[PDB]
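Enquirer: Next up is a structure, given as structure tokens.
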Number of protein chains: 2
Amino acid sequence: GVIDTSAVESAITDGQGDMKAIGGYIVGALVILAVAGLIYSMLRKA
Amino acid sequence: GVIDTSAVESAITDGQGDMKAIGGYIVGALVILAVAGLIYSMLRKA
């Protein structure tokens, strides 16, 4: 009496493979305010 | 002064043996909307 849920794992494993894609696109934008955070500290201490 | 009613029990015991046959054919179709009723609830809560 089953219902075919084969279209579930095919849909959301491709879903969770897309959460990883837009996680790496944020990490690449948070290191901008990490690098610029501490080369401001070099100019101030000088 | 009897009338032979031997053809009665031979006719309706085979009749009530057929009500059981089409009762089990409905139960097999009501569990479809019982299973699908609560795997819809898993997808909604996720």
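A note on labels: chains of the structure tokens are A, B, ... as shown, every chain counts residues from 1, and ligands are counted from 1 in their shown order.
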What does chain A look like once superposed on chain B, all Cα atoms paired in sequence order, least squares? Give it as a PDB file with C-alpha atoms, in the first residue's frame.

Expert:
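Output saved as superposed_27.pdb:
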```
ATOM      1  CA  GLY A   1     -46.790 -29.997   6.059  1.00  0.00           C
ATOM      2  CA  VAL A   2     -43.347 -28.547   5.687  1.00  0.00           C
ATOM      3  CA  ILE A   3     -41.827 -26.802   2.690  1.00  0.00           C
ATOM      4  CA  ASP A   4     -38.212 -27.689   1.913  1.00  0.00           C
ATOM      5  CA  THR A   5     -36.127 -24.679   2.899  1.00  0.00           C
ATOM      6  CA  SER A   6     -32.868 -26.541   2.353  1.00  0.00           C
ATOM      7  CA  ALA A   7     -32.160 -24.257  -0.604  1.00  0.00           C
ATOM      8  CA  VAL A   8     -32.172 -21.255   1.733  1.00  0.00           C
ATOM      9  CA  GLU A   9     -29.098 -21.861   3.875  1.00  0.00           C
ATOM     10  CA  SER A  10     -27.236 -23.146   0.846  1.00  0.00           C
ATOM     11  CA  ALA A  11     -27.976 -19.864  -0.897  1.00  0.00           C
ATOM     12  CA  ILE A  12     -27.279 -17.238   1.738  1.00  0.00           C
ATOM     13  CA  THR A  13     -24.360 -18.765   3.601  1.00  0.00           C
ATOM     14  CA  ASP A  14     -22.726 -18.483   0.213  1.00  0.00           C
ATOM     15  CA  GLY A  15     -24.240 -15.010   0.188  1.00  0.00           C
ATOM     16  CA  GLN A  16     -22.702 -13.910   3.469  1.00  0.00           C
ATOM     17  CA  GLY A  17     -19.432 -15.487   2.428  1.00  0.00           C
ATOM     18  CA  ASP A  18     -19.408 -12.955  -0.394  1.00  0.00           C
ATOM     19  CA  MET A  19     -20.055  -9.930   1.803  1.00  0.00           C
ATOM     20  CA  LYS A  20     -16.776 -10.740   3.539  1.00  0.00           C
ATOM     21  CA  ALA A  21     -14.979 -10.807   0.201  1.00  0.00           C
ATOM     22  CA  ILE A  22     -15.986  -7.276  -0.771  1.00  0.00           C
ATOM     23  CA  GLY A  23     -15.381  -5.985   2.726  1.00  0.00           C
ATOM     24  CA  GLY A  24     -11.718  -6.865   2.518  1.00  0.00           C
ATOM     25  CA  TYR A  25     -11.522  -5.174  -0.856  1.00  0.00           C
ATOM     26  CA  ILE A  26     -12.552  -1.862   0.709  1.00  0.00           C
ATOM     27  CA  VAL A  27     -10.187  -2.061   3.683  1.00  0.00           C
ATOM     28  CA  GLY A  28      -7.366  -2.418   1.190  1.00  0.00           C
ATOM     29  CA  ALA A  29      -8.446   0.884  -0.337  1.00  0.00           C
ATOM     30  CA  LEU A  30      -8.990   2.855   2.857  1.00  0.00           C
ATOM     31  CA  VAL A  31      -5.430   2.291   4.050  1.00  0.00           C
ATOM     32  CA  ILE A  32      -4.244   4.202   1.000  1.00  0.00           C
ATOM     33  CA  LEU A  33      -5.741   7.381   2.381  1.00  0.00           C
ATOM     34  CA  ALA A  34      -4.503   6.519   5.835  1.00  0.00           C
ATOM     35  CA  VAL A  35      -0.846   6.128   4.858  1.00  0.00           C
ATOM     36  CA  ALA A  36      -0.895   9.102   2.522  1.00  0.00           C
ATOM     37  CA  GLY A  37      -2.650  11.112   5.203  1.00  0.00           C
ATOM     38  CA  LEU A  38       0.314  11.122   7.525  1.00  0.00           C
ATOM     39  CA  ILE A  39       3.261  11.142   5.185  1.00  0.00           C
ATOM     40  CA  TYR A  40       1.844  14.446   4.070  1.00  0.00           C
ATOM     41  CA  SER A  41       2.272  15.550   7.662  1.00  0.00           C
ATOM     42  CA  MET A  42       5.963  14.700   7.597  1.00  0.00           C
ATOM     43  CA  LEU A  43       6.594  16.902   4.573  1.00  0.00           C
ATOM     44  CA  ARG A  44       4.684  19.828   6.037  1.00  0.00           C
ATOM     45  CA  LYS A  45       6.429  19.793   9.400  1.00  0.00           C
ATOM     46  CA  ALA A  46       9.869  19.691   7.782  1.00  0.00           C
TER      47      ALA A  46
END
```

Enquirer: Report as a ChimeraX atom specification: the residues of chain B with a DSSP assignment of alpha helix (DSSP H), based on the backbone of this structure.

Expert: /B:6-19,21-30,32-38,40-45
